[PDB]
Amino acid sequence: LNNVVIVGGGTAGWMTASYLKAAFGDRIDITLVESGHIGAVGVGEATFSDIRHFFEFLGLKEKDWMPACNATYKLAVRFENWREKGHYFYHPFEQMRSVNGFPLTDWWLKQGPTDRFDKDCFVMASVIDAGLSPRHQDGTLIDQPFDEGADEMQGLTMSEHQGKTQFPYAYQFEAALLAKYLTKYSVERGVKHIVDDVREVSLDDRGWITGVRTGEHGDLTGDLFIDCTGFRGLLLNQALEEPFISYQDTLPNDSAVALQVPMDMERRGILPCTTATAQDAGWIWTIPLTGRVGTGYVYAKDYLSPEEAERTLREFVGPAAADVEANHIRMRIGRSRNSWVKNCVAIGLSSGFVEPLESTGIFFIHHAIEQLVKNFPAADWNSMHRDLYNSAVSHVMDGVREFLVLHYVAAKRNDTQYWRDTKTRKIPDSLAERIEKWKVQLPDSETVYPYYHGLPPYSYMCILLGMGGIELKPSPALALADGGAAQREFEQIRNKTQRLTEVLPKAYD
């Protein structure tokens, strides 16, 4: 097998084409058929620290692609007013240090220098606080455990690294601009680009896809079909009738209103991070881009009207958002039961979707195409490839959903009906059991969702410590161990961070 038809463009379709091409070159034949515009959600989009492997896999260095997509640096997610109104904190991309067997955050709970766990435990938090770049002007990355000039595995993909060493950042960028960039990347390497629509998905007597019918380009045939039609699920959900599994009962945010301005009123747009500011019925995002800032209100319609959400958004961004276009959309929250069915693989919103609270969307796609390459079938179509693939991506989505639920379960604020309901909504049975563990021992490699889903224990720690709604305790053993080494670890971090504050350039500059 080496004939691939990708239905759908945008970020999902073209990450698929460009990644297949980077992996297989002239030995894979790819045709992508696309129509266009859906709105995505907002203009801007954000990624995990994983995304680094994607671009390196393609042989793309930052200078080649970042200017073309108006890309900025993302060093964390900045969560505002989830605990209380004065309050914010970071979920950064920085490894969690440990001392004599315990995570620094455990020490922090016992003998932490300040009341800010993230500033105490993370070099990145100060860097971001000062609106600083993670790179020196000559180009040298911030002295961190990650040696960028160090030996790595050739063709290193995210799903065997799994954050074992920590690259210090991710990106924010204009999603349509990345699709256009990858379009070029892909077409240069021999991907055939067809702008048209699909009128019909042709099935054979076993219900397998034989080809798709276009308006003006005839029938597009091939061995393997990639469904990148988004919420439509034109191939996987419609032609092949694969059922959808909703996450709505645990994550009720079902709606979004979005817009863009050249600059944010509180200047969240200067910060080298993505901001999630909690609201009365959800939360507003801020995504910094080079010459613009994208903003949106993710909310639950049962609590808030579309008109209300838009007015809140406009006021929140300020006088610059008085008159600009606002785009509303509704979200399909959950995943397909199986993202690979017969000879069809869904990648992107067709495979599944969660609110972009931790901006996992591109991550879901990156993981999917990697798994596609990994479990790529031969012409015997051994069903095990499919089972392995589906196991891998369902775990990723289910794991992240659990992680997102925690954001609301742990959030301390309780001042609207919506925020009260976050403590009474159904949760995964597994999650409640894990929360009981975390009350006594901070999130551990053994007490998180046990399959790969992109999030190390320290991510869970950050949410717990930051949202402050779950009472937490340090390990009893810390009362018996010498605290000296930990204090010297806090001190090393503080010194590094006050040195760094002086010599790093600002984000926009």
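Start at 1 and count along the sequence shown; that's the residue number.
When 140-148 is weighed against 79-87, 140-148 comes out higher, by mean CA B-factor as recorded in the entry. Just going by the entry, 385-393 versus 413-421 on mean CA temperature factor gives the higher value to 413-421. Highest CA B-factor among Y299, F167, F376, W285, as stated in the entry: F167. Among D429, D118, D196, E355, the highest C-alpha B-factor recorded in the PDB entry belongs to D429.
Per the deposited record, the Cα B-factor of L20 falls in the middle third when ranked against the other modelled residues of its chain. Residue-level temperature factors show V503 in the highest third of its chain, judged at the C-alpha atom. In this PDB entry, the Cα temperature factor of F54 sits in the middle third of its chain's modelled residues. Among all modelled residues in its chain, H217 ranks in the lowest third by Cα B-factor. Per-chain ranking of the deposited C-alpha B factor places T11 in the lowest third.
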